[PDB]
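Peer 1:
There are 2 protein chains.
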Amino acid sequence: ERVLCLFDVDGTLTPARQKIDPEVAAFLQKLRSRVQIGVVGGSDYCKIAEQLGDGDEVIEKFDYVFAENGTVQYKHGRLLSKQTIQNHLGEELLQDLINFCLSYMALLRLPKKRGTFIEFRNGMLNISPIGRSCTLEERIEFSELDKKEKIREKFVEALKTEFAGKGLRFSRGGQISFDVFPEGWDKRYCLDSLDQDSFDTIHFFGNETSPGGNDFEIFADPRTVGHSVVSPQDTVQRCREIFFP
Amino acid sequence: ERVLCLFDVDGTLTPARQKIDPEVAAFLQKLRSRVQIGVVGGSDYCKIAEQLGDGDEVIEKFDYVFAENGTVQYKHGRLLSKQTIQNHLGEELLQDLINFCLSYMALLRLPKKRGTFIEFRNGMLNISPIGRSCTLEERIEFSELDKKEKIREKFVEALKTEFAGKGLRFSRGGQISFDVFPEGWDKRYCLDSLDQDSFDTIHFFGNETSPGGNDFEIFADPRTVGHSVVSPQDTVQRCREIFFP
Ligand SMILES: [Mg+2]
Ligand SMILES: [Mg+2]
Ligand SMILES: [Mg+2]
Ligand SMILES: [Mg+2]
């Protein structure tokens with residue numbers, strides 16, 4: 012009867028990369044009268060906060076905010092966190108990765124390039140092979156080129172092969188980029204800390220719980236009761252069925 | 012009798028990369044009763060604003076704020092600006108530059124690396140060969156390694172040679188990085204817009220007016236009355252001598 016509902020963000024509580032519907036927001040606070048509620052996303056904290064409230068309201072609206080798959084953690088209004096990838100991987104492997112990426116991208120000759128090809132985050136390296144778009148027009152242009160030439164896809168194939176067996180994982184940063192993160196640093200990462208918070212049950216909700224999806228591992232983990240949803244309205248209905256029948 | 016005093020920031024009005032002394036700030040507003048006053052820096056606007064006031068006060072405290080050597084311009088409280096390097100250089104040369112940098116850095120094997128090796132700004136590309144430090148400790152560590160191995164210095168020599176005659180310039184980003192910018196996009200850039208604002212005299216003050224220094228060109232330009240200073244106290248004294256004798 013100490014219960015947590017933990018939600019993926021994009022596609023689960025909000026439209027992808029966009030603001031939460033106020034009616035969903037309002038339900039979550041109603042759900043909060045029965046259970047603790049938390050979010051876990053691949054995005055950084057700034058992005059997640061932006062989608063879920065104004066300023067830093069998200070840490071007040073939710074009992075847990077797990078950004079970068081849980082490598083960044085807010086707990087009951089306070090920053091508990093955090094871990095760094097360089098600490099976990101070690102400098103040698105990290106630099107092997109980086110120099111392989113640098114060398115690969117140097118040989119890519121595209122219509123055009125921008126900057127910040129490799130960004131250090133807490134939970135991952137975000138790799139943007141064409142560079143980060145400066146406008147929406149460039150972002151769309153880059154997306155289309157990536158689809159036609161399979162830029163990110165082919166880069167990841169080369170990376171996975173080069174680092175076979177060395178414990179690196181690769182996932183989409185949506186369009187434009189992909190993340191590189193240590194094995195185990197998918198959404199499951201947040202479960203290790205949650206393990207110590209004495210929940211009787213942890214319900215996880217996500218919209219990519221199929222194999223390949225960025226919710227799969229946390230959905231499938233024996234530490235959670237898993238729920239697959241297709242939309243924020245689906246999520247709200249499932250919560251009503253389980254907690255307010 | 013329409014006069015502008017235009018100041019470099021770092022070392023001229025403030026300690027390098029640091030906040031302005033309130034007593035200097037106070038004098039500048041007194042000087043403002045006689046002349047218009049402006050700043051021009053290599054840094055981005057956020058950095059300059061941070062050194063000269065709280066929030067966006069700098070655009071209120073100064074009649075002109077020229078960031079990134081004038082490629083970004085605030086004029087009497089409003090953003091007038093701005094120009095982009097990609098527009099000026101063209102995509103082909105830009106990508107030649109970028110891929111040369113990527114390829115060069117890929118072959119650098121250091122004690123360690125971080126991220127954001129190439130950052131797109133308005134007035135330049137900021138190149139950080141070891142990556143951007145995550146802490147003060149890493150920043151100092153990187154500075155020392157750069158001094159011993161001449162990392163930035165040797166990278167610039169290779170770059171200048173490769174792009175000989177093609178109109179690129181290179182200058183220090185302090186420690187850790189160097190800027191690449193188009194010929195003419197040093198501090199003089201801001202003079203072109205100022206040319207149209209009907210000043211009878213434009214007095215420029217800087218602390219790197221010697222050849223090699225990032226104030227040299229604007230100091231030497233026939234559009235300004237040039238002044239060399241060594242400290243923010245030197246600057247204030249010179250203004251007192253010229254305007255309040
Ligand atoms: Mg999702
Ligand atoms: Mg489960
Ligand atoms: Mg200076
Ligand atoms: Mg002059």
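Those protein sequences? They're chains A and B, same order as listed. Start counting the first sequence at 12; every next residue gets the next number (UniProt numbering). Start counting the second sequence at 12; every next residue gets the next number (UniProt numbering). Backbone N, C-alpha and C define an ideal beta-carbon position, used for all residues, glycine too.
1) Any residues in the stretch 120 to 131 of chain A with a beta carbon nearer than 8 Å to a beta carbon of chain D? Which ones, in chain order?
2) Give me, in chain order, the residues of the same chain whose beta-carbon lies closer than 8 Å to that of residue 156 of chain A; leave out the 5 immediate sequence neighbours on both sides.
3) Are the CB atoms of residue 210 of chain B and residue 45 of chain B nearer to each other than 8 Å?
4) Decide if the stretch 238 to 252 of chain A is in contact with the stretch 193 to 205 of chain B; the criterion is three or more beta carbon pairs, one per stretch, under 8 Å apart.
5) Please list the terminal residues of the continuous beta strand (DSSP E) segment that includes residue 190 of chain B.
6) Kindly indicate the opening and closing residues of the alpha helix (DSSP H) around residue 159 of chain A.
7) Here's the rule I'm using: 16 or more other beta-carbon atoms within 10 Å means buried, otherwise exposed. How should residue 98 of chain A be labelled?
8) Would DSSP call residue 171 of chain B helix, strand or coil?
9) On the criterion of 16 or more Cβ atoms from any shown chain inside 10 Å, does residue 39 of chain A qualify as buried, or is it exposed?
10) Using 8 Å as the limit for Cβ to Cβ distance, is residue 4 of chain B near chain A?
11) May I have the straight-line CA-CA distance separating residue 179 of chain B from residue 117 of chain B, to the nearest angstrom?
12) What's the gap between the Cα of residue 53 of chain A and the Cα of residue 165 of chain B?
13) Out of A:182, A:188, A:193 and A:145, state which residue places its alpha-carbon closest to the alpha-carbon of residue 176 of chain A.
14) From B:225, B:145 and B:217, pick the residue whose C-alpha is nearest to that of residue 17 of chain B; which is it?
15) Are the beta-carbon atoms of residue 61 of chain B and residue 134 of chain B separated by less than 8 Å?
16) Going by CA-CA distance only, name the one from A:103, A:108 and A:126 that's closest to residue 108 of chain B.
17) Leaving out the 5 sequence neighbours to the left and right, which residues in its chain are closer than 6 Å to residue 190 of chain B when beta-carbon positions are compared?
18) Quickly, what does DSSP pair residue 86 of chain B with across the bridge? List them, please.
19) Does any CB atom of chain B fall closer than 8 Å to the CB of residue 109 of chain A?
20) Residue 119 of chain B to residue 31 of chain A, Cα distance in whole Å?
21) For residue 169 of chain A, tell me which candidate among A:113, A:221 and A:50 has the shortest Cα-Cα distance.
22) Taking 7 Å as the cut-off, is the CB of residue 117 of chain A close to at least one heavy atom of ligand 4?
23) Since residue 67 of chain A contacts residue 132 of chain A with CB under 8 Å, what's their CB separation in whole angstroms?
24) Distance cutoff 8 Å, beta carbons only. Does residue 84 of chain B sit that close to anything in chain A?
25) Taking only beta carbons into account, state which residues of the stretch 172 to 202 of chain A come closer than 7 Å to chain B, listed in chain order.
26) Since I believe residue 253 of chain A is in contact with residue 234 of chain A (beta carbons under 8 Å), could you give me their beta-carbon distance rounded to a whole number of angstroms?
27) Output yes if chain B places a C-beta closer than 8 Å to the C-beta of residue 92 of chain A; else output no.
28) Residues of the stretch 129 to 156 of chain A with a CB closer than 9 Å to any CB of chain B: list them in chain order, please.
29) Smallest Cα separation from residue 87 of chain A: which of A:69, A:22, A:159 and A:94?
30) Just mark residue 143 of chain B as buried or exposed, buried being the case when its beta carbon has 16 or more other beta carbons within 10 Å.
31) Under 7 Å from any heavy atom of ligand 4, does the C-beta of residue 230 of chain B make it?
32) Assign residue 263 of chain B to buried or exposed, taking buried as 16 or more other Cβ atoms, counted over all protein chains shown, within 10 Å of its Cβ.
33) With DSSP run on the structure shown, which of helix, strand or coil describes residue 23 of chain A?
34) Could you spell out where the alpha helix (DSSP H) holding residue 102 of chain A opens and where it closes?
35) With a threshold of 7 Å on Cβ separation, who are the neighbours of residue 220 of chain B within its own chain once the five nearest residues in sequence on each side are excluded?
36) Tell me which residues share the same chain as residue 154 of chain A and place their Cβ nearer than 8 Å to its Cβ, disregarding the 5 neighbours each side in the sequence.
Peer 2: Let me lay it out:
1) Of the protein chains in the structure, A and B, none is chain D.
2) Within the first sequence, residue 156 of chain A is the residue found at index 145, counting from 1. Excluding residues within five positions, the ones whose Cβ falls inside 8 Å are 121, 122, 141 and 162.
3) As a position in the second sequence, residue 210 of chain B is number 199, starting the count at 1. As a position in the second sequence, residue 45 of chain B is number 34, starting the count at 1. Cβ atoms of residue 210 of chain B and residue 45 of chain B: not closer than 8 Å.
4) no
5) Position 179 of the second sequence, counted from the first residue, corresponds to residue 190 of chain B. Looking at the DSSP string, the run of the beta strand (DSSP E) that includes residue 190 of chain B is 189 to 193.
6) If you number the first sequence from 1, residue 159 of chain A lands on position 148. Unbroken alpha helix (DSSP H) run through residue 159 of chain A: 147 to 160.
7) By one-based count along the first sequence, residue 98 of chain A stands at place 87. By the neighbour-count rule (16 or more Cβ atoms within 10 Å), residue 98 of chain A is not buried but exposed.
8) Your numbering for residue 171 of chain B matches position 160 in the second sequence. Reduced to three states, the DSSP call for residue 171 of chain B is helix.
9) Reading the first sequence from its first residue, position 28 is the one you call residue 39 of chain A. Buried, by the Cβ-count rule.
10) As shown, chain B starts at 12 and ends at 256. That puts residue 4 of chain B outside it, with no answer to give.
11) As a position in the second sequence, residue 179 of chain B is number 168, starting the count at 1. As a position in the second sequence, residue 117 of chain B is number 106, starting the count at 1. Computed Cα separation, rounded: 22 Å.
12) Numbered from its first residue, the first sequence carries residue 53 of chain A at position 42. Numbered from its first residue, the second sequence carries residue 165 of chain B at position 154. Between residue 53 of chain A and residue 165 of chain B, the C-alpha separation is close to 38 Å.
13) Taking the first sequence and counting its residues from 1, one reaches residue 176 of chain A at position 165. Among A:182, A:188, A:193 and A:145, the Cα nearest to that of residue 176 of chain A belongs to A:193.
14) Within the second sequence, numbered from 1, the residue matching residue 17 of chain B stands at position 6. Here the closest residue by C-alpha is B:217.
15) Counting from 1 along the second sequence, the entry for residue 61 of chain B is found at position 50. Counting from 1 along the second sequence, the entry for residue 134 of chain B is found at position 123. Against a cut-off of 8 Å, the Cβ pair of residue 134 of chain B and residue 61 of chain B comes out as no contact.
16) Locating residue 108 of chain B in the second sequence gives position 97, counting from the first residue. The option with the nearest alpha carbon to residue 108 of chain B is A:126.
17) Counting from one through the second sequence, the residue named residue 190 of chain B turns up at place 179. Excluding sequence neighbours, residue 190 of chain B sits near 135, 137, 182 and 184.
18) As a first step, residue 86 of chain B is located in the second sequence; it is residue number 75 there, counting from the start. Note: residue 86 of chain B sits in a beta bridge opposite B:75 and B:89.
19) Position 98 of the first sequence, counting from 1, holds the residue named residue 109 of chain A. Answer yes: the Cβ-Cβ gap between residue 109 of chain A and chain B drops below 8 Å somewhere.
20) Here residue 119 of chain B corresponds to residue number 108 of the second sequence, with the count starting at 1. Here residue 31 of chain A corresponds to residue number 20 of the first sequence, with the count starting at 1. Answer to the nearest angstrom: the Cα atoms are 45 Å apart.
21) Position 158 of the first sequence, counted from the start, is the residue given in the question as residue 169 of chain A. Measuring from the Cα of residue 169 of chain A, the nearest candidate turns out to be A:113.
22) Sequence index remark: in the first sequence, residue 117 of chain A carries index 106 (1-based). Not under cutoff, so the answer is no.
23) Within the first sequence, the letter at position 56 stands for residue 67 of chain A. Within the first sequence, the letter at position 121 stands for residue 132 of chain A. The pair is not a contact, with the Cβ atoms about 19 Å apart (cut-off 8 Å).
24) For the purposes of this step, residue 84 of chain B is identified with residue 73 of the second sequence, where counting begins at 1. Not closer than 8 Å to any Cβ of chain A, the Cβ of residue 84 of chain B fails to qualify, so no.
25) none
26) Translated into the one-based positions of the first sequence, residue 234 of chain A becomes position 223. Translated into the one-based positions of the first sequence, residue 253 of chain A becomes position 242. Wrong, their Cβ atoms sit about 18 Å apart, outside the cutoff.
27) In the first sequence, counting from the first residue as 1, residue 92 of chain A sits at position 81. Judged by the 8 Å Cβ criterion, residue 92 of chain A is not in contact with chain B.
28) 129, 130, 131, 132, 136, 137, 142, 143 and 145
29) One-based indexing of the first sequence puts residue 87 of chain A at position 76. The shortest C-alpha separation from residue 87 of chain A is found at A:69.
30) The sequence position of residue 143 of chain B within the second sequence is 132, counting from 1. Per the 10 Å Cβ criterion, buried.
31) The sequence position of residue 230 of chain B within the second sequence is 219, counting from 1. Indeed, a heavy atom of ligand 4 lies less than 7 Å from the Cβ.
32) Residue 263 of chain B falls outside the range modelled here, since chain B spans only 12 to 256, and no answer is possible.
33) In the first sequence, the residue the question calls residue 23 of chain A occupies position 12. Here residue 23 of chain A sits in coil by DSSP.
34) The sequence position of residue 102 of chain A within the first sequence is 91, counting from 1. Residue 102 of chain A -> alpha helix (DSSP H) spans 102 to 117.
35) By 1-based counting over the second sequence, the position of residue 220 of chain B is 209. The answer, listed in chain order, is 226, 227, 230, 237 and 239.
36) Against the first sequence, residue 154 of chain A aligns to sequence position 143. Cβ neighbours of residue 154 of chain A beyond the five flanking positions: 186 and 187.
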